[PDB]
Amino acid sequence: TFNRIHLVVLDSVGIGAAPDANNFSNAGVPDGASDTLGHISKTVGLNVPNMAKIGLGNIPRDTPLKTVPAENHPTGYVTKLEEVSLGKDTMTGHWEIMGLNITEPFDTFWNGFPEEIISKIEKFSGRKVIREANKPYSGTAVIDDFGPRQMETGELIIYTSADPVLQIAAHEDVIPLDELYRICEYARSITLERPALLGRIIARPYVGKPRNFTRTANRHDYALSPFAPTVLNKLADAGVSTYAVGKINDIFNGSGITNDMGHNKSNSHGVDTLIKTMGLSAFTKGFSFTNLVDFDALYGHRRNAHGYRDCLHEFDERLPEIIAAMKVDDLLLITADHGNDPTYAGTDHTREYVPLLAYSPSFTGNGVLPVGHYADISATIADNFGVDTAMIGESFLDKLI
Ligand SMILES: [Mn+2]
Ligand SMILES: [Mn+2]
């Protein structure tokens, strides 16, 4: 029915604490007071007239978004969607958006990896791990802060980030690449189950000299693929094109992705890439899936409400460009994968409902859809292209056509 469907994930753009929010926490504080869009709106303001026109301010909430009025003549269909999976991480949310139910949520490690994991890597490698570096850390600061020490002692530098990732930095002159990879493979093999379930292990070789290090191209990644076919696989198996923009290919480890358009330098460069992709003469039928990550990486995790607002405003300003590039029989879906309330305690994601905005020039109606679940997105897409659903989700295609 829609010849193309373009799904855009505004990473972390939540619309209020989920019913099961208090099963999740932020530096010990349960997530049940979180509200990414509402707390932004109430503190720093929020001017998003293009999303409002589609209907962002018509999405049901107990208390309305302070600065996003209801729209009595909306141009699209909107609602909010509830996460079923037992995790609030990026991989879980995207996998569920594409139809999986994740009941073994990836572990994150705000206070570093536990002794069982470190002790094991030390015994396997014969190298000590620098304990002070075993915690969240920018890849760059960690190489600068502990590399000098590493060059002298041969110790491993094992660090993480807000994501379920284990990264091993090792200078090529003192830790041979082959050993780094063996160490990473061993690491990957002992992190397949909770409480050490990791999305990916990254080898981070690097060369150079103190106060001036370079991270080399000898990087290798050891990622988990989705454990069951997702709707991306269903589409690809049926010969339907699947175009990925931004973090999408990494998140799915390329599974069911026919055309990876690569990483975003920024949200704006991402929107440029989506627009270009929509304009390809080759792209006549199928699915595009874009992640715009800056909301999460730059603003949510850093608890910066002012910046989060500006990033939302900048996306809204560009939204008319995305729409101008649509064909009449295209569908645009805008959503998120969890919350990351910049006003909250902690520095993690927040367990929230996510907005759903739906727009096509072909629409003969508009309004508000019943509240749903993340994987309803996948099922709608499957329904549209005549392929099977994955684990979960129910189509709302008939409310759109
Ligand atoms: Mn995310
Ligand atoms: Mn995040």
# chains A, B, ... in the order shown; residues from 1 in each chain; ligands from 1

$ closest_atom_pairs --of "chain A" --to "ligand 2" --cutoff "8 Å" --atoms "only C-alpha atoms and all ligand atoms" --output "tab-separated table"
residue	atom	partner	partner_atom_place_in_ligand_line	distance
A:11	CA	ligand 2	1 (Mn)	7.9
A:12	CA	ligand 2	1 (Mn)	7.2
A:89	CA	ligand 2	1 (Mn)	6.8
A:90	CA	ligand 2	1 (Mn)	6.3
A:162	CA	ligand 2	1 (Mn)	5.9
A:163	CA	ligand 2	1 (Mn)	6.3
A:296	CA	ligand 2	1 (Mn)	5.2
A:297	CA	ligand 2	1 (Mn)	5.8
A:300	CA	ligand 2	1 (Mn)	7.6
A:301	CA	ligand 2	1 (Mn)	6.5
A:340	CA	ligand 2	1 (Mn)	7.5
A:348	CA	ligand 2	1 (Mn)	6.8
A:349	CA	ligand 2	1 (Mn)	6.0

$ write_last_selection --atoms "C-alpha atoms" --output "PDB file, in the first residue's frame"
ATOM      1  CA  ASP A  11      17.233   8.433  19.869  1.00  0.00           C
ATOM      2  CA  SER A  12      16.025   8.794  23.486  1.00  0.00           C
ATOM      3  CA  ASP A  89      19.346   0.172  26.148  1.00  0.00           C
ATOM      4  CA  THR A  90      19.734   1.197  22.487  1.00  0.00           C
ATOM      5  CA  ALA A 162      26.877   4.233  28.712  1.00  0.00           C
ATOM      6  CA  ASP A 163      26.324   1.319  26.242  1.00  0.00           C
ATOM      7  CA  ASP A 296      21.007  10.773  23.457  1.00  0.00           C
ATOM      8  CA  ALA A 297      24.788  10.997  23.144  1.00  0.00           C
ATOM      9  CA  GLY A 300      20.487  13.188  27.537  1.00  0.00           C
ATOM     10  CA  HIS A 301      23.562  11.437  28.941  1.00  0.00           C
ATOM     11  CA  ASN A 340      16.885   9.973  28.444  1.00  0.00           C
ATOM     12  CA  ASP A 348      21.461   6.834  31.966  1.00  0.00           C
ATOM     13  CA  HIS A 349      18.480   6.243  29.752  1.00  0.00           C
TER      14      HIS A 349
END

$ select_by_dssp --residues "stretch 125-330 of chain A" --states "alpha helix (DSSP H)" --output "PyMOL selection string"
chain A and resi 125+139-153+177-189+231-237+248-251+267-278+294+305-324

$ residues_around --residues "residue A:143" --least-positions-apart "6" --cutoff "12 Å" --atoms "only C-alpha atoms" --output "MDAnalysis selection string"
chainID A and resid 130 133 137 149:151 156:159 167:171 204:215

$ atom_distance --atom1 "atom CA of residue A:146" --atom2 "atom CA of residue A:113"
17.4 Å

$ closest_residue --among "A:5, A:21, A:13, A:141" --to "ligand 1" --atoms "only C-alpha atoms and all ligand atoms"
A:13

$ residues_around --residues "stretch 72-81 of chain A" --least-positions-apart "6" --cutoff "10 Å" --atoms "only C-alpha atoms" --output "short mmCIF file (atom, residue, chain, number, x, y, z; two decimals) with N, CA, C and O atoms, in the first residue's frame"
data_model
loop_
_atom_site.label_atom_id
_atom_site.label_comp_id
_atom_site.auth_asym_id
_atom_site.auth_seq_id
_atom_site.Cartn_x
_atom_site.Cartn_y
_atom_site.Cartn_z
N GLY A 14 11.85 10.50 24.75
CA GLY A 14 10.77 9.90 25.50
C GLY A 14 9.61 10.84 25.73
O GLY A 14 9.75 12.08 25.64
N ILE A 15 8.44 10.27 26.02
CA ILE A 15 7.25 11.08 26.28
C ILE A 15 6.57 10.69 27.57
O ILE A 15 5.36 10.85 27.72
N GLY A 16 7.36 10.18 28.53
CA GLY A 16 6.87 10.04 29.90
C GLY A 16 7.08 8.62 30.43
O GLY A 16 7.06 7.65 29.68
N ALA A 18 7.17 4.96 31.70
CA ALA A 18 6.32 3.80 31.36
C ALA A 18 5.72 3.21 32.62
O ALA A 18 6.23 3.48 33.74
N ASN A 50 6.45 21.92 13.62
CA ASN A 50 6.20 20.98 12.52
C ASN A 50 5.74 19.60 12.99
O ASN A 50 4.82 18.99 12.40
N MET A 51 6.33 19.14 14.09
CA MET A 51 5.87 17.93 14.74
C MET A 51 4.52 18.17 15.40
O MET A 51 3.66 17.27 15.41
N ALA A 52 4.30 19.39 15.89
CA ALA A 52 3.01 19.71 16.54
C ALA A 52 1.89 19.61 15.52
O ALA A 52 0.80 19.09 15.82
N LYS A 53 2.16 20.09 14.31
CA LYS A 53 1.17 20.07 13.21
C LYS A 53 0.81 18.66 12.82
O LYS A 53 -0.36 18.38 12.57
N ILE A 54 1.80 17.77 12.78
CA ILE A 54 1.53 16.33 12.54
C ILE A 54 0.69 15.79 13.67
O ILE A 54 -0.26 15.03 13.45
N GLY A 55 1.04 16.19 14.89
CA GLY A 55 0.19 15.97 16.08
C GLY A 55 0.89 15.64 17.39
O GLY A 55 0.28 15.01 18.26
N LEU A 56 2.15 16.05 17.57
CA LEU A 56 2.91 15.64 18.78
C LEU A 56 2.17 15.98 20.06
O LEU A 56 2.09 15.17 20.98
N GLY A 57 1.58 17.17 20.09
CA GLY A 57 0.75 17.60 21.23
C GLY A 57 -0.64 17.00 21.38
O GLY A 57 -1.35 17.37 22.31
N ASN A 58 -1.03 16.09 20.47
CA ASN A 58 -2.24 15.28 20.59
C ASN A 58 -1.96 13.89 21.20
O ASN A 58 -2.89 13.15 21.53
N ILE A 59 -0.70 13.50 21.33
CA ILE A 59 -0.39 12.20 21.98
C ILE A 59 -0.92 12.22 23.44
O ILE A 59 -0.63 13.15 24.19
N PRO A 60 -1.71 11.20 23.85
CA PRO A 60 -2.28 11.18 25.19
C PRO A 60 -1.25 11.17 26.28
O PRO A 60 -0.32 10.37 26.24
N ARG A 61 -1.45 12.04 27.26
CA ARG A 61 -0.59 12.16 28.42
C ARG A 61 -1.49 12.56 29.58
O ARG A 61 -2.51 13.23 29.37
N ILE A 97 11.71 -2.52 18.16
CA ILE A 97 11.05 -1.73 17.14
C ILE A 97 10.93 -2.58 15.85
O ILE A 97 9.92 -2.46 15.14
N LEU A 332 6.03 8.21 6.31
CA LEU A 332 7.06 8.62 7.25
C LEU A 332 6.60 8.29 8.66
O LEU A 332 5.50 8.65 9.06
N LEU A 333 7.47 7.59 9.41
CA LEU A 333 7.23 7.29 10.82
C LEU A 333 8.36 7.86 11.64
O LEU A 333 9.51 7.62 11.35
N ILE A 334 8.01 8.58 12.70
CA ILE A 334 9.01 9.16 13.59
C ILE A 334 8.79 8.58 15.00
O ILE A 334 7.67 8.56 15.51
N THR A 335 9.84 8.08 15.63
CA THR A 335 9.70 7.46 16.95
C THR A 335 10.95 7.59 17.78
O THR A 335 11.85 8.34 17.43
N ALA A 336 10.98 6.90 18.92
CA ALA A 336 12.20 6.84 19.71
C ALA A 336 12.35 5.42 20.28
O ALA A 336 11.47 4.59 20.10
N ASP A 337 13.46 5.16 20.94
CA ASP A 337 13.82 3.83 21.38
C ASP A 337 13.83 3.66 22.91
O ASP A 337 13.94 2.52 23.41
N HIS A 338 13.67 4.78 23.62
CA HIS A 338 13.61 4.85 25.09
C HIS A 338 13.62 6.35 25.41
O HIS A 338 13.60 7.17 24.47
N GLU A 352 10.71 4.91 29.41
CA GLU A 352 9.58 5.76 29.00
C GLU A 352 8.85 5.20 27.81
O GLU A 352 9.39 4.41 27.02
N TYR A 353 7.61 5.62 27.69
CA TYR A 353 6.86 5.54 26.42
C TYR A 353 7.57 6.39 25.38
O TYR A 353 8.28 7.34 25.73
N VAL A 354 7.44 6.01 24.12
CA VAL A 354 8.03 6.74 23.02
C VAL A 354 6.91 7.26 22.13
O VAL A 354 5.86 6.61 21.96
N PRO A 355 7.08 8.48 21.59
CA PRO A 355 6.11 9.03 20.64
C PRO A 355 6.11 8.25 19.32
O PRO A 355 7.11 7.63 18.96
N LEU A 356 4.98 8.26 18.62
CA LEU A 356 4.90 7.75 17.26
C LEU A 356 4.20 8.82 16.44
O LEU A 356 3.07 9.17 16.74
N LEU A 357 4.88 9.32 15.41
CA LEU A 357 4.24 10.28 14.48
C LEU A 357 4.24 9.66 13.11
O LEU A 357 5.24 9.12 12.69
N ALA A 358 3.10 9.69 12.44
CA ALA A 358 2.93 9.05 11.16
C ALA A 358 2.38 10.07 10.14
O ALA A 358 1.40 10.76 10.44
N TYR A 359 3.03 10.17 8.97
CA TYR A 359 2.64 11.13 7.94
C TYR A 359 2.81 10.55 6.54
O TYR A 359 3.84 9.94 6.23
N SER A 360 1.79 10.74 5.70
CA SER A 360 1.89 10.54 4.26
C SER A 360 1.00 11.57 3.57
O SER A 360 -0.11 11.86 4.04
N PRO A 361 1.48 12.11 2.44
CA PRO A 361 0.62 12.94 1.60
C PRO A 361 -0.64 12.23 1.11
O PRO A 361 -1.61 12.91 0.77
N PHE A 363 -2.67 10.46 2.88
CA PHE A 363 -3.60 10.19 3.98
C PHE A 363 -4.96 10.80 3.63
O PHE A 363 -5.03 11.88 3.09
N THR A 364 -6.04 10.08 3.95
CA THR A 364 -7.40 10.60 3.79
C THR A 364 -8.01 10.92 5.19
O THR A 364 -9.21 11.19 5.32
N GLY A 365 -7.19 10.85 6.22
CA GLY A 365 -7.64 11.10 7.58
C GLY A 365 -6.45 11.45 8.47
O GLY A 365 -5.32 11.48 8.02
N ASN A 366 -6.73 11.70 9.74
CA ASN A 366 -5.71 12.10 10.69
C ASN A 366 -6.30 11.94 12.09
O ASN A 366 -7.49 11.64 12.23
N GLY A 367 -5.46 12.09 13.11
CA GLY A 367 -5.91 12.01 14.50
C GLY A 367 -4.95 11.21 15.37
O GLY A 367 -3.73 11.27 15.22
N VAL A 368 -5.53 10.45 16.29
CA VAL A 368 -4.81 9.80 17.34
C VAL A 368 -5.17 8.30 17.31
O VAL A 368 -6.33 7.92 17.22
N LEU A 369 -4.14 7.46 17.38
CA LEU A 369 -4.27 6.03 17.39
C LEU A 369 -4.27 5.54 18.83
O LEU A 369 -3.71 6.19 19.72
N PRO A 370 -4.88 4.37 19.06
CA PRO A 370 -4.80 3.78 20.37
C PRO A 370 -3.32 3.64 20.79
O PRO A 370 -2.44 3.37 19.93
N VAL A 371 -3.06 3.81 22.08
CA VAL A 371 -1.74 3.56 22.65
C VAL A 371 -1.30 2.12 22.30
O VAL A 371 -2.09 1.18 22.42
N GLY A 372 -0.05 1.95 21.90
CA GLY A 372 0.45 0.66 21.43
C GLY A 372 1.78 0.24 22.05
O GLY A 372 2.15 0.62 23.16
N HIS A 373 2.50 -0.57 21.30
CA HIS A 373 3.78 -1.17 21.74
C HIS A 373 4.83 -0.96 20.63
O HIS A 373 4.46 -0.83 19.47
N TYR A 374 6.12 -0.92 20.99
CA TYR A 374 7.21 -0.64 20.03
C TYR A 374 7.12 -1.49 18.76
O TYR A 374 7.25 -0.96 17.66
N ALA A 375 6.94 -2.81 18.91
CA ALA A 375 7.03 -3.73 17.77
C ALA A 375 5.85 -3.61 16.83
O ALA A 375 5.86 -4.22 15.78
N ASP A 376 4.83 -2.86 17.21
CA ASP A 376 3.72 -2.54 16.29
C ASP A 376 4.27 -1.83 15.06
O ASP A 376 3.72 -1.94 13.96
N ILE A 377 5.40 -1.12 15.23
CA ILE A 377 6.08 -0.49 14.10
C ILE A 377 6.49 -1.55 13.07
O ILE A 377 6.06 -1.49 11.90
N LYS A 399 -5.42 1.52 10.26
CA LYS A 399 -5.84 2.82 10.78
C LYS A 399 -5.26 3.95 9.90
O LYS A 399 -5.77 5.07 9.94
N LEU A 400 -4.19 3.67 9.15
CA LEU A 400 -3.54 4.65 8.26
C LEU A 400 -4.07 4.69 6.82
O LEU A 400 -3.88 5.70 6.11
#

$ residues_around --residues "residue A:29" --least-positions-apart "2" --cutoff "12 Å" --atoms "only C-alpha atoms" --output "list in words"
residues 21, 22, 23, 24, 25, 26, 27, 31, 32, 33, 34, 344, 345, 346, 347, 348, 350 and 351 of chain A

$ atom_distance --atom1 "atom CA of residue A:161" --atom2 "atom CA of residue A:258"
29.0 Å

$ closest_residue --among "A:35, A:294, A:237, A:398" --to "ligand 1" --atoms "only C-alpha atoms and all ligand atoms"
A:294

$ residues_around --residues "residue A:235" --least-positions-apart "2" --cutoff "12 Å" --atoms "only C-alpha atoms" --output "VMD selection string"
chain A and resid 5 98 229 to 233 237 to 243 255 to 258 285 to 288 378 to 379 381 to 390

$ residues_around --residues "stretch 268-279 of chain A" --least-positions-apart "2" --cutoff "7 Å" --atoms "only C-alpha atoms" --output "PyMOL selection string"
chain A and resi 245-246+264-266+281+283+292+322+325

$ atom_distance --atom1 "atom CA of residue A:84" --atom2 "atom CA of residue A:304"
27.9 Å
